[PDB]
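Everything below concerns the one structure shown next.
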Protein chains: 2
Amino acid sequence: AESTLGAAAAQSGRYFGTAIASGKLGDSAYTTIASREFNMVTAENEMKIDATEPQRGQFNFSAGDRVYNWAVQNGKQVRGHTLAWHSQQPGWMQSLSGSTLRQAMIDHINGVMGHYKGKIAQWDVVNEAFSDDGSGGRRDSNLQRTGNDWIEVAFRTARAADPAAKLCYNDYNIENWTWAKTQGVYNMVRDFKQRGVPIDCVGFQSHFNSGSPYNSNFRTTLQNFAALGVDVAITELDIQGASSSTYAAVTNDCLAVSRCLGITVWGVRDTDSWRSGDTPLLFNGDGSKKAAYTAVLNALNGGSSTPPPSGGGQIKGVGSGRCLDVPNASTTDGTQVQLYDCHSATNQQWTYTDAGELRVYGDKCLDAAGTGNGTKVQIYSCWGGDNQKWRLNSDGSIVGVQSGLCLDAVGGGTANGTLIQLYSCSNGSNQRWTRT
Amino acid sequence: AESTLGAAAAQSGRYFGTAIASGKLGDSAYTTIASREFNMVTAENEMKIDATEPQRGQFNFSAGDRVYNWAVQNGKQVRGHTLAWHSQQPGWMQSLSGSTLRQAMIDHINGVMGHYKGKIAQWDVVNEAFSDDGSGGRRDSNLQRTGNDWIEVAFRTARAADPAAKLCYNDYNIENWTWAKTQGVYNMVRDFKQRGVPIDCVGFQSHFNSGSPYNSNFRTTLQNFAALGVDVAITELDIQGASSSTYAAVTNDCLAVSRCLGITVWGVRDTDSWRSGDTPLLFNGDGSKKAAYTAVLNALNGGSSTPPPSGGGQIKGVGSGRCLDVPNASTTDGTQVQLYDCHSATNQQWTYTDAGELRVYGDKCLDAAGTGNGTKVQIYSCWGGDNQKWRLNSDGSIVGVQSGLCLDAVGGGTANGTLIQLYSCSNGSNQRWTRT
Ligand SMILES: CO[C@H]1[C@H](O)[C@@H](O)[C@@H](O[C@H]2[C@H](O[C@@H]3CO[C@@H](O[C@@H]4CO[C@@H](O)[C@H](O)[C@H]4O)[C@H](O)[C@H]3O)OC[C@@H](O)[C@@H]2O)O[C@@H]1C(=O)O
Ligand SMILES: CO[C@H]1[C@H](O)[C@@H](O)[C@@H](O[C@H]2[C@H](O[C@@H]3CO[C@@H](O[C@@H]4CO[C@@H](O)[C@H](O)[C@H]4O)[C@H](O)[C@H]3O)OC[C@@H](O)[C@@H]2O)O[C@@H]1C(=O)O
Ligand SMILES: CO[C@H]1[C@H](O)[C@@H](O)[C@@H](O[C@H]2[C@H](O[C@@H]3CO[C@@H](O[C@@H]4CO[C@@H](O)[C@H](O)[C@H]4O)[C@H](O)[C@H]3O)OC[C@@H](O)[C@@H]2O)O[C@@H]1C(=O)O
Ligand SMILES: O[C@@H]1[C@@H](O)[C@H](O[C@@H]2CO[C@@H](O[C@@H]3CO[C@@H](O)[C@H](O)[C@H]3O)[C@H](O)[C@H]2O)OC[C@H]1O
Ligand SMILES: O[C@@H]1[C@@H](O)[C@H](O[C@@H]2CO[C@@H](O)[C@H](O)[C@H]2O)OC[C@H]1O
Ligand SMILES: O[C@@H]1[C@@H](O)[C@H](O[C@@H]2CO[C@@H](O)[C@H](O)[C@H]2O)OC[C@H]1O
Ligand SMILES: O[C@@H]1[C@@H](O)[C@H](O)OC[C@H]1O
Ligand SMILES: O[C@@H]1[C@@H](O)[C@H](O)OC[C@H]1O
């Protein structure tokens with residue numbers, strides 16, 4: 001299939017997953033999206049240290065199993081997250097250090113993997129062991145202070161506890177090859193492979209924002225690690241601003257590296273995100289697909305063989321030959337758009353932004369004042385509303401994110417002056433458009 | 001006085017007010033802004049029919065006076081809202097009809113206005129009496145069915161109750177001069193003035209959104225009513241998306257009309273708005289000034305020395321004489337901007353959008369990574385986060401909405417290559433810019 005992320009990803013032998021929060025599984029809107037779109041699941045917090053071993057020697061898998069049960073019940077595989085980490089440690093562990101901490105770490109790994117033995121596709125055995133100071137050294141934590149060999153020990157312990165699981169090292173800010181952190185993790189994984197330390201994969205969290213922006217060299221980073229003899233996976237993907245282009249670039253980088261197993265986005269809806277303020281996911285608050293969703297799906301399906309109209313560009317309806325035109329090149333908010341013979345005039349030059357807007361005049365946005373059929377499509381000052389965002393489906397249609405309705409040439413008209421509206425998508429030619 | 005809205009408006013003998021919610025007067029974050037920025041107050045709900053006369057003949061002014069006193073104590077006048085309206089009527093009035101309802105209306109007016117006699121600057125005597133059906137006729141309500149002369153009666157009663165208060169007719173969707181509703185109200189006020197019906201003002205709610213967009217002819221409307229011999233007031237202003245241009249346009253419309261008494265925005269922070277989802281106010285939920293706030297203040301203070309660049313222009317540093325430049329015309333997210341000899345190149349053409357972004361290349365935005373001093377200012381895909389929105393102060397400084405910090409040429413550098421950072425505003429020449 002090529003209508004859902006999971007199925008689409010499956011076409012390249014890859015998976016596409018998300019992070020599930022057990023407390024949200026009772027929300028039908030949430031489960032409807034999660035069950036339909038993803039074939040891989042990571043427990044957002046339920047399989048972490050504090051959640052699985054609340055008191056020393058006392059393991060608890062109720063929260064984890066709620067996530068796990070839902071995943072397999074809906075045909076999804078599971079990534080275990082996470083066994084050894086400096087963050088979210090229960091209180092009893094935070095007060096530990098030295099050999100006592102080292103053995104507790106080992107005991108924890110054995111306890112959790114044993115419970116899920118043979119049920120987990122991948123395990124993030126160790127998470128965020130490297131520093132962000134910019135030196136590429138080890139993060140200064142209670143775990144690292146027990147000895148530099150703690151990571152190696154964690155992996156050897158894991159392989160023995162469940163030899164069927166892929167053992168991954170997971171971390172963030174290791175996507176840009178030029179960053180010292182990236183090279184530090186590289187050198188470690190390389191040392192591991194050379195000495196026989198058990199490690200099958202490297203997880204790239206991929207938490208992209210203006211602080212740590214995506215960079216095209218992410219592909220070389222993936223290639224480099226792949227070349228060490230380990231699989232790579234994008235494990236916690238989310239992009240501040242949810243740029244359509246950035247989301248597509250990440251998708252293509254993974255599909256460009258044969259060893260990239262798949263892509264997991266850290267959440268379902270922006271409102272579910274640990275950083276909802278960055279509206280970084282593929283679905284918005286009310287559960288509708290965002291422009292980035294379409295871009296990701298299209299990339300997974302191979303995309304197209306016609307370079308997207310970078311900056312400016314007309315939109316012509318295949319069923320009329322007329323171009324999306326703004327009546328007499330007006331810049332008056334509330335002006336309903338129309339169909340008109342194509343010509344080189346700004347009032348016909350539309351830019352599809354990475355945020356999903358169709359801009360004209362540089363600061364006016366294609367706007368819908370309503371969500372029902374017959375809603376007049378117009379121009380209005382750009383402010384980022386969902387009624388100003390659109391998805392350009394590969395089938396040639398342009399759907400409104402908020403409405404879920406398609407741009408429709410009223411009454412299937414085709415003569416100049418034909419007004420544009422929103423209407424239940426119909427493969428009709430009065431709803432298909434071509435970039436130029 | 002010109003660092004706050006009220007004080008700036010006062011320079012032209014006008015006021016800039018807000019709608020106060022009695023329940024928020026206990027929130028210091030709320031009152032800190034409210035007491036500082038406005039010199040006119042309207043009770044958001046405390047002076048309405050159901051709130052002042054819970055039972056016929058039994059008036060309750062506790063909540064109302066609470067707001068009234070807070071206002072006067074903090075140096076603000078008050079607009080009484082509202083005496084006769086089809087909405088928010090107590091249960092007992094909603095069932096009355098004909099004469100009994102007519103007398104109930106008259107009594108209500110005498111009761112409330114009697115209590116506040118001589119204390120109120122303006123009274124919205126009658127609210128929303130016209131239909132949106134396109135006919136330009138009266139709205140069908142129990143009040144209108146008491147007889148078409150109800151509006152006239154309400155005003156005559158009001159004049160008698162308190163001859164010292166300015167009596168206003170208040171409505172929405174009467175801003176666009178071409179609308180039937182508008183002409184419907186225009187004709188009524190003209191008639192009233194000709195027949196001597198006591199009416200001193202017309203309140204334009206000014207609730208703008210894609211459904212009923214702002215139109216430049218709003219000024220024409222204000223001037224037309226003004227010519228009739230009545231004052232005009234912007235009573236409940238809020239703009240969907242809070243466009244800087246629209247907010248500035250409305251402010252200038254009032255400044256262009258001698259009879260325009262002032263402007264009231266319907267709320268303090270976006271989170272206090274009856275339409276919070278449209279983030280239509282001047283302050284963010286965190287209390288920070290939005291791009292539109294500065295646009296209004298600048299308008300109230302007069303504006304810029306020269307007509308601001310309408311999209312596309314250089315930004316030259318006063319101290320250095322050099323322009324804001326994107327190194328090597330790079331389009332890579334995360335590229336920090338610099339100062340460089342000014343020249344006609346796209347990597348120096350910045351467009352200030354209505355939303356407050358500073359765009360370059362069309363879909364790239366001036367972006368701040370963090371919120372502290374030294375934070376790098378760079379370019380990043382446009383998505384509309386507050387770290388991508390800026391206020392153009394009249395002193396030449398450019399402030400980040402989210403950080404509240406100024407664009408600053410590092411170390412006061414003036415040479416080519418000087419990097420741009422965020423830093424506490426200092427009025428230094430390395431923090432001043434000219435739109436050229
Ligand atoms: C107590 O106040 C805040 C906490 O400061 C804040 O961390 C958060 O804590 C929640 C907890 O949030 C988890 C944190 O982990 C996220 O996933 C990680 C993201 O970074 C990657 O590098 C890691 O690999 C990921 O595992 C996850 O998405 C968040 O949901 O969840 C459990 C809660 O009990 C805890 O309080 O929120 C609290 C707060 O809002 O009160
Ligand atoms: C489902 O219940 C909802 C109501 O539907 C919703 O209106 C709101 O009602 C509150 C009420 O809200 C007031 C309504 O008036 C607003 O101001 C008017 C806006 O329109 C202009 O034309 C008028 O001139 C203005 O006066 C004001 O901003 C809102 O705060 O306040 C009193 C509450 O008792 C009532 O429930 O919210 C309820 C709800 O959420 O339960
Ligand atoms: C065809 O003429 C072109 C030039 O080929 C083109 O380079 C440009 O030249 C401008 C000049 O552009 C500056 C050059 O410096 C850039 O910043 C550099 C960033 O990396 C650092 O290592 C360097 O030291 C920095 O200089 C800056 O971003 C560009 O804007 O600016 C001065 C102009 O007089 C010169 O012509 O543009 C011309 C052109 O189109 O006219
Ligand atoms: O209250 C205001 C003060 O906070 C403000 O302080 C100035 C802040 O900038 C200082 O100069 C910066 C030093 O660091 C460099 O990197 C920057 O480029 C410089 O601009 C300046 O020395 C402080 O005085 O001054 C104005 C007060 O009203
Ligand atoms: O908890 C972790 C955060 O502390 C971490 O923060 C990163 C710090 O460096 C910045 O450049 C990054 O943008 C920022 O995300 O991010 C990962 C998260 O798991
Ligand atoms: O209560 C009033 C609302 O009913 C009114 O609704 C307007 C109806 O026309 C649409 O075009 C507008 O977008 C919509 O806001 O708005 C004013 C409010 O006071
Ligand atoms: O918008 C149309 C314009 O593009 C064309 O040039 O003239 C007719 C107008 O309606
Ligand atoms: O144009 C619309 C057409 O596409 C739809 O199928 O039926 C209603 C028409 O108005």
Side-chain angles (χ1 to χ4, degrees), chain A residues 176 178 208-217 239-247 249 277-280 285-286 292 310-312 331-335 349 351-357 359 361-370 375-388, chain B residues 176 208-217 239-247 249 277-280 286 291-292 310-312 331-335 346 351-357 359 361-365 367-370 375-389 402:
Chain A
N176 186 317
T178 69
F208 297 120
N209 51 48
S210 65
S212 299
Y214 162 80
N215 184 294
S216 61
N217 71 35
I239 303 168
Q240 176 186 54
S243 163
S244 283
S245 297
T246 305
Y247 253 112
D278 287 345
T279 61
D286 49 48
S310 178
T331 57
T332 300
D333 283 358
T335 301
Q349 300 293 168
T351 300
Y352 188 51
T353 68
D354 288 328
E357 316 182 309
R359 297 203 175 202
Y361 305 127
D363 197 27
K364 290 299 183 185
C365 278
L366 192 58
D367 182 297
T375 291
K376 300 192 172 183
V377 179
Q378 42 171 46
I379 53 173
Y380 186 79
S381 301
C382 298
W383 64 282
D386 292 318
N387 59 308
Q388 300 197 320
Chain B
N176 188 313
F208 301 112
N209 54 39
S210 69
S212 46
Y214 162 82
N215 189 296
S216 54
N217 64 29
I239 300 160
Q240 176 183 57
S243 156
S244 287
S245 293
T246 312
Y247 253 114
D278 288 326
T279 59
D286 54 42
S310 186
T331 54
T332 304
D333 284 15
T335 299
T346 58
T351 300
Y352 187 66
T353 63
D354 303 325
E357 309 180 319
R359 297 196 168 215
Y361 306 135
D363 199 35
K364 239 48 177 175
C365 277
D367 184 291
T375 293
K376 299 180 300 181
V377 174
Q378 74 208 336
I379 56 167
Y380 185 83
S381 307
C382 295
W383 63 284
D386 282 358
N387 56 311
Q388 297 197 322
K389 282 167 173 168
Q402 186 186 67

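The figures that follow rest on heavy atoms only: side chains count, while hydrogens, waters and symmetry mates do not. The chains referred to below are lettered A, B, ... by the order of the sequence lines, with proteins before strands, and numbering in each begins at 1.
Contacts of A:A368 with chain B are made by backbone atoms alone, with heavy-atom separations under 4.5 Å and no side-chain atom involved. Proximity to chain A is limited to the backbone of B:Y214, based on heavy atoms less than 4.5 angstrom apart. Contact of B:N387 with chain A is made through the side chain alone, with heavy-atom distances under 4.5 Å. With a 4.5 Å cut-off on non-hydrogen atoms, A:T375 does not touch chain B at all. No part of B:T351 comes within reach of chain A, as not one of its non-hydrogen atoms sits under 4.5 angstrom from that chain. Looking at B:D354, both its backbone and its side chain come within 4.5 Å of chain A, counting heavy atoms on both sides. With a 4.5 Å cut-off on non-hydrogen atoms, B:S245 does not touch chain A at all.
Nearest heavy atom pair, residue A:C382 against residue B:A355, reads O-CB, 3.9 Å. Between A:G211 and B:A369, the shortest heavy-atom contact is CA-CB, 4.3 Å. Heavy atoms only, all atoms of each residue included: A:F208 and B:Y380 are closest at O-OH, 4.2 Å.
Not counting sequence neighbours, the partners of A:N215 by the side chain to side chain contact (heavy atoms under 4.5 Å, CB included) test are A:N176, A:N217, B:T332.
For the set B:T279, B:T246, B:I379, B:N209, the entry with the most heavy-atom pairs within less than 4.5 Å of chain A is B:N209. Contact count versus chain B (heavy atoms, under 4.5 Å) is highest, among A:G334, A:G241, A:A242, for A:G241. Per-residue heavy-atom pair counts under 4.5 Å with chain B were compared for A:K376, A:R359, A:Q378, and the maximum is reached by A:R359. Interface check for chain B: of the options A:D278, A:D333, A:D363, the most heavy-atom pairs under 4.5 Å are formed by A:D363.
Taken to the nearest 0.5 Å, the CD atom of B:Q388 stands 7.0 Å off from the CD atom of A:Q240. To the nearest 0.5 angstrom, B:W383 atom CH2 is 8.0 Å from A:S210 atom OG.
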